[PDB]
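Indexing begins at 1, ligand by ligand and atom by atom, following the structure's order. We name chains A, B, ... by the order of the sequence lines, and we start the count at 1 in each one.
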Amino acid sequence: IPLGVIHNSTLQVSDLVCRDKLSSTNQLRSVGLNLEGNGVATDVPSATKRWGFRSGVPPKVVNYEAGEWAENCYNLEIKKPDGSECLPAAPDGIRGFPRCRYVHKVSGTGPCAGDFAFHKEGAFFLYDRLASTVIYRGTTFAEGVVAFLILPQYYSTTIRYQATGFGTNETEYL
Amino acid sequence: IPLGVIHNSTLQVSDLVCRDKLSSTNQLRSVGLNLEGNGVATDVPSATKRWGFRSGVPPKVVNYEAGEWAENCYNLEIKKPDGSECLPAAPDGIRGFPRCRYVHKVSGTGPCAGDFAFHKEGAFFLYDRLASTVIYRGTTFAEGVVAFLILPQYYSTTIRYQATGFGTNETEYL
Amino acid sequence: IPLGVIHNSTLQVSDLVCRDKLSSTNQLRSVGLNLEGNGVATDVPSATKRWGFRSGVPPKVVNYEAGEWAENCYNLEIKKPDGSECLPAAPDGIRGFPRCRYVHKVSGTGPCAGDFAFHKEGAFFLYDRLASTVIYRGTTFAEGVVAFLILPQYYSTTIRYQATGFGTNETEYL
Amino acid sequence: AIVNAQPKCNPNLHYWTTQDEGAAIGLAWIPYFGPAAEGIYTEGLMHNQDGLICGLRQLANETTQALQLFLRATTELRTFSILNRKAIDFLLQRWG
Amino acid sequence: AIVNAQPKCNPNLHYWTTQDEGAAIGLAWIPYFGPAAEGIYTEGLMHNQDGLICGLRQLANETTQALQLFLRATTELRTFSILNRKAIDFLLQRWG
Amino acid sequence: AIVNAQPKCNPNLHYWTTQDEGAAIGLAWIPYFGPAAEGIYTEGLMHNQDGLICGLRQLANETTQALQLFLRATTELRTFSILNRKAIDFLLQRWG
Amino acid sequence: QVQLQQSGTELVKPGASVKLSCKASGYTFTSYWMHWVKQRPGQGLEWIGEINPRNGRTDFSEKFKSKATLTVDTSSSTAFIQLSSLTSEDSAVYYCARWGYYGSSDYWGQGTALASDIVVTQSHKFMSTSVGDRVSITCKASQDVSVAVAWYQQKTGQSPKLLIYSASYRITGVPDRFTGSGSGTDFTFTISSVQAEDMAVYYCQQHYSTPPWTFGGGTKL
Amino acid sequence: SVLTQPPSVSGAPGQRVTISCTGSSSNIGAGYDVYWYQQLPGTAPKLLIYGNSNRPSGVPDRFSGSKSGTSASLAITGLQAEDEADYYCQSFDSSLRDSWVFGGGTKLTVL
Amino acid sequence: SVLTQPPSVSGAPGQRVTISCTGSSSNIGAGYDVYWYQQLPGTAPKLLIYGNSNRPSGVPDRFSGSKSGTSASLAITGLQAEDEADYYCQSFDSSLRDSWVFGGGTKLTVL
Amino acid sequence: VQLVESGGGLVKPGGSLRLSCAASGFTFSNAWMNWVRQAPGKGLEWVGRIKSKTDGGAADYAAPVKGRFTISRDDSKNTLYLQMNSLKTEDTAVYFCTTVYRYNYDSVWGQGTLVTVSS
Amino acid sequence: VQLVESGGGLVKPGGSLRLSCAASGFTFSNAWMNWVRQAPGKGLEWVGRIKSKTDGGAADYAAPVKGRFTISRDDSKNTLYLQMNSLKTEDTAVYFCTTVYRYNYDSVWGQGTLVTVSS
Amino acid sequence: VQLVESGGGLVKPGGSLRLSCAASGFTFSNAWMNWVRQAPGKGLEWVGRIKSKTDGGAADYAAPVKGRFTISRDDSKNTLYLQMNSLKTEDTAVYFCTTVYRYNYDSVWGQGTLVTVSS
Ligand SMILES: *[C@@H]1O[C@H](CO)[C@@H](O[C@@H]2O[C@H](CO)[C@@H](O[C@@H]3O[C@H](CO[C@H]4O[C@H](CO)[C@@H](O)[C@H](O[C@H]5O[C@H](CO)[C@@H](O)[C@H](O)[C@@H]5O)[C@@H]4O)[C@@H](O)[C@H](O[C@H]4O[C@H](CO)[C@@H](O)[C@H](O)[C@@H]4O)[C@@H]3O)[C@H](O)[C@H]2NC(C)=O)[C@H](O)[C@H]1NC(C)=O
Ligand SMILES: *[C@@H]1O[C@H](CO)[C@@H](O)[C@H](O)[C@H]1NC(C)=O
Ligand SMILES: *[C@@H]1O[C@H](CO)[C@@H](O)[C@H](O)[C@H]1NC(C)=O
Ligand SMILES: *[C@@H]1O[C@H](CO)[C@@H](O)[C@H](O)[C@H]1NC(C)=O
């Protein structure tokens, strides 16, 4: 796992150095960075094409301490066309993303061939100080990545979407 | 977090010293001390006035290894005046306080405006080697605090109480 | 807890040495070894006589990273003679033993005087990278032990069994 | 130096702990033959210097404010690595 | 040296964190009188050198592959000891 | 010196482990395209000296008594920091 | 008994640097914050800054960002404040007070002659009254403070004294005539019977989450 | 009647009408929930709103409730012709050992 | 009928018969489940198989279902004399906004 | 779930009566029972309440009816009994028995028994 | 659990009808409702579907019946209503109302209402 | 929950009979079934037991009735069938069918079917 060290205001990748100073655990920091900063498309039809359903892979949750303000967040309440639930319920201790300028709440029906929804690019779904590989029902999340560093010594708008055929190439919104 | 070091039979607060010796993790010890030793009132009407209900604060549980014999312990089975439950069920792995000379079992009805009951003085509710910030239903607990140290190199009586208007200033017992 | 160090291809028990080298956490390894290697009887009637039911002892789970191929594994679906369940359901995150040449699936009825089934010799029940002191319902397990080391710098067959009076001296199979 | 500001201090400390893994045991280390959850505690009494006990109670009073803030920052329901972090901080500060 | 290969880098970093246990607090450290779960965040803005921010975003991109493999190997549902292991590895390598 | 008191020792050790995070991987590190839970194991055979294998089996036999007592003292349902504590104890004892 | 001792009167040139001392005893020095308050003659109380004996963390007010520096000595349990470029308007009485367990300036030392911030404002400045009347003092908070509001009484020639903390709790030894109540943004301090010894200046200070612990404007009876 | 309610409330069809329930510190200021019941002539009362603002299943969304201080209010977004019934607010009193307290009773007439 | 089924299937008693349901990428290739219904003459349809291969409680184990590619099959291990009824396969279509699609209908005759 | 009430009739003042409510479709032993009376052309009035067996099965009465009415429950028969003694003219009302079987607040109200006390 | 259907009769083309299904034994508000019609000697044909109140209570219709049929539900009465307008000869079929009350897939089908449209 | 029994009558020795129990209000496929007979003026005697389909649906019989009685269940019809062959005089008893629907031990016992075997 790569470790970042900030030297003379320049970030470097850790490699024995004998010149880096680490005297407390407060210097170690985990930061969750959103994918919107990288310039990816934040549109709802574009974002949903990066998520897929699979079975046999247990979900995993990692912890991060510092986050980034998100201009776009997603909330999913998707059911099967017969009324049965598609996404699992959020476990105890997992909450929505705290800072979200816009929350895209998407609801409707569509096929769900897997127990959990993963990210096709391998990214994580950021939650309140927790990053998970799967999407939980009715919880605000942001897509992003987590980095580890050695530190040197609010209004939200909700948008409603109605999607049919979610997870396919024939998905109609509103 | 303050750390206590026992030097020449005198407790000191840790501050680089280069004279303290720590060669194993067995020297590190967490001790839960009851509030009855400090001289607080152990009466049931007095004790219940230090507990309040609040919503929006998730419960937290911390671990301690050594405990103190408690002369007064409390067990709460409180419901709303309509029969609905007021206190949450104890999770798996949480048990009652092991050493209790007297157990004050309080039952009855009263308002519960919050999801969880906290301690107004910021203390913890001691359980079997676990300290929690909230009260669980039907579990014996003692009110106390936890300290961290660097170590140098049974019959119980149950008392029944019937309380109406629990958590207010018009509470009648028996 | 004993710790094993491999020196000149010879295993030794750790005792200050100043000659052992430990420069990473990858050297530390926990290995789960099955009891079949020691020569114990792998027969279903013989294996079930080493398991007993007790109440009052909470279950405990420990973690291991490396395992051993098992030639004999057991799956238990035991109920009381009245139809009620006997073994607890496996918690989330606990799966069956991955490598099993033969899986002895035992089902039937019998008395269960305890909440959990333990091992009379003090051994563990190996699961997928988890070792537990109790048996879970409908999960493949192997009986074995766990060791800690400092490292130097597939087809399965299922056999069906019908047992009456499980856990006693008058147990009939098939 | 720790000054006990509590109105009353109990000079005696009746404590309960758990048996060490290196203690002398017979057949009871097996969970099947071991004692119940209430029989795994070792009791004791500390009639030592009153200053140590009163200072210990005062130290726990001062630790509450820092511990409460630490628990609020964390997101895990149960915390068991408080002492492990202290050992790492102690060893990082010493650097030898 | 870290080279940012992303098509677009945001020079600004609006971050939210949690208050340190050693920060100045009044009566709010008590959970009963403390703020709700949404009021425990400290905000800030980093308008520092653009190279540090873009390099930080690139570093998180490269960490994804190693982090995903690590999570697959582990069996625990939630992991909180990633930084603790890093400190141990750093201290074991230094040996002083 | 470890003396194997078991009536029978298996000279061979067919072991299964998990791939290291630093191993060579392609597209399978993505959980969506990765293998199932049963396809994440690396197998192997150890036909090395018989003394090492028999001593390893005897060592696991002796560790059972200490491990059982340790688990009884702890209150957490699942334990994952056994090796982390060993590293801290090793580093504290060395002091350099 | 908590006691805070400071240095004596010091006279300085129009251009110089001076240092003041504050010696505390009777409590664990490292477990409580130390605050410095400046009071011009005939004016109100001005909060300078706070210094934490543990971890050395310090905070300053906007007006005293560069004028003062705070240092402490753990071995001697003494807090020091250093003033640079003492102008003609720096001649004032300086107090050092201990931040309470729940955040109250409960103990004060004797005087030494030489946006995102919550602002507490009192309704009036002078409230004339007679003996036996019931006077009420209102304190207004810009933001939401649950109960964390403290009331202080300062008589002529004496250091301020804490009377009510947490807006309801009364310090032991304070006469029962003093009663406080309120929550949210409006707080009231009432005296059931005003006597001849109640003529003083009363201040309200909030102690909820804001490092700039600013005092109120004051109210003279 | 410990709780106080208007003797009668009338409004035009399709409009929004509000019914006010007045209590005290012991009744509503103590944190006790306020329950709203609807009683058609000659039938048993039906619980329109439980808790403070929650609504039981099978109840139209037109009925809504809120709590402010020591008083509670019941709001009907759509005044249908089938809403001509008596409305009561029920809570609990800290005094009298957690006894039920009912309002005077408000009769709703659709214009 | 979007889905395609054989017009009729006949077999000797005690043998195994299979009914084939033919769909497309939008119907079955998109991951939608295939539901099998049995309708006795003059009665309401009964759901023999839900999901893809699961069976509701109270249904004989003789009926089994499987999914392969864009087609689904219903297998009856034991052709009893009480199985003479119409069989339909129902799924969902990605097009037409998740609307139900039914097969033509297969009539089973026991020889 | 359904509650059926019976036992009403015209009784002269000073008499006694016993009202019974029958419960079906839910566990009667785990539900609290309440009695509410409504005078003709008046508002609802709370009479009394009995708690579950696990809660001790205590009974609480309103001040106007305290010392004269007794409420009992039969767990075996799933029936609730209200014993009325020293009836007065002001006691003429329609009595209801109320309970909650599911704590998502699905309540059940009886049809109502009219008791007339006149001379 | 049981569903009862009513409202069928002989109606000339161009008329209107309203079909009703009554639900009992399960929570009607938390279950999706579907209409399926079967022509005499033909296969099953899907008519429409209405979702639960928590899901927004939207209604979807099949293409042949789109713009002419309206489906509504009454949560208070636990009844499902289907309004048919501009009836044609091809609309002569037996209508069924289907729902799932437990998501272990225990489904309920109504008896069926025969609607005949002839001139 | 209710169990209804039928199929009893006067039969000469050496005849055959079939007893049926009807189950309602609970899942019949997930509950074990037992047969208990009681002779006139005697104690209860266990006849046999059949397990659930998920448990393999095996049948166990008591020694006196082994080899002569057969017990079968119909999951579709929620009915339990007991086939009796080679009846004797000692078989004259009142048969009961017992099951447990909720594993908090809420049991259901049938009314009882009287079978008389006399010549
Ligand atoms: C650690 O130990 C300290 C003690 O050193 C604990 O402090 C205790 O805090 C609680 C909560 O605030 C106090 O209880 C409240 O007391 C007020 C009245 O307080 C006044 O009178 C006291 C004598 O009765 C006196 O000791 C107080 O002086 C203390 O405080 C000042 C200012 O902070 C400080 O300078 C002193 O040095 C003292 O420390 C003060 O003059 C009372 O009004 C309160 O009652 C209200 O609130 C309760 C709910 O809490 C409610 O039920 C009532 O109905 C009423 O509404 C409340 O009882 C307690 O007095 C303090 N202890 C002492 C000895 O004073 C601290 O809590 C410990 N930490 C823990 C346990 O984590
Ligand atoms: C969706 O993909 C399928 C192939 O899987 C293709 O046949 C179909 O035309 C696609 N539809 C759209 C709308 O792109
Ligand atoms: C309870 O507190 C309220 C609010 O301060 C007050 O009005 C009431 O008189 C109090 N009752 C008692 C019995 O103290
Ligand atoms: C089983 O054990 C009991 C108790 O010791 C004993 O009485 C009985 O004879 C044993 N039966 C057999 C078959 O060993």
inquiry  = Do G:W213 and G:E50 pair up side chain to side chain, a donor and an acceptor below 3.5 Å, judged on atom types alone?
reply    = yes
query = Quick one: does atom 9 (O) of ligand 4 have a protein heavy atom under 4.0 Å from it?
reply = no
inquiry  = I'd like the name of whichever of I:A30, I:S25, I:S95 reaches closest to atom 7 (O) of ligand 2 through any heavy atom.
reply    = I:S25
query = Which residue from B:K49, B:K120, G:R170 reaches closest to atom 52 (O) of ligand 1 through any of its heavy atoms?
reply = B:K49
ask   = Counting only heavy atoms not in B:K120, do more than 12 sit closer than 6.0 Å to its NZ atom?
value = yes
ask   = Between G:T172 and ligand 1, which part of the residue brings a heavy atom under 4.0 Å of the ligand: side chain, backbone, both or neither?
value = both
key: Exceeds 12 heavy-atom contacts within 6.0 angstrom, atom CZ of I:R97   = no
request  = Verify the neighbour count for atom NZ of G:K161: are there more than 12 heavy atoms of other residues, nucleotides or ligands below 6.0 Å?
outcome  = no
query = For ligand 2, which atoms have a heavy atom of A:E170 less than 4.0 angstrom away?
reply = 11 (N), 13 (C)
query = Given G:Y202, which of G:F189, G:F215, G:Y152 fulfils the ring pair (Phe, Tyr, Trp, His ring centres under 6.0 Å) condition?
reply = G:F189
ask   = Among A:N169, A:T168, A:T171, which one has a heavy atom closest to atom 12 (C) of ligand 2?
value = A:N169
Proximal atoms of ligand 1 relative to G:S104 (non-hydrogen, under 4.0 Å) = 32 (C), 33 (O)
Subset of ligand 1 atoms that lie under 4.0 Å from at least one heavy atom of D:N61 = 1 (C), 2 (O), 3 (C), 66 (C), 68 (C), 69 (N), 70 (C)
query = Heavy atoms only: which of B:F124, G:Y169, B:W51 is nearest to atom 56 (O) of ligand 1?
reply = G:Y169
query = When you check the gap from the basic side-chain N to the acidic O, do D:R57 and B:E68 get nearer than 4.0 Å?
reply = yes
key: Sub-4.0 Å atoms of ligand 1 with respect to non-hydrogen atoms of G:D106   = 34 (C), 35 (O)
ask   = Is the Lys NZ or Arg CZ of C:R54 less than 6.0 Å from the centre of C:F118's six-membered ring, within 45° of the axis?
value = no
message = Tell me if the centroids of the rings in G:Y165 and G:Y102 come within less than 6.0 Å of each other.
response = no
remark   = ring pair (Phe, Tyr, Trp, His ring centres under 6.0 Å) with B:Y74: of B:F125, B:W51, B:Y161, only one passes, and it is B:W51
query = Does the protein put a heavy atom under 4.0 Å from atom 4 (C) of ligand 2?
reply = no
message = If we set the cut-off at 4.0 Å for heavy atoms, which region of D:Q6 has an atom near ligand 1: side chain, backbone, both, or neither?
response = side chain
task = Compare G:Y101, G:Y165, G:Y107, G:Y102 and give the one whose heavy atom is closest to atom 67 (O) of ligand 1.
result = G:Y102
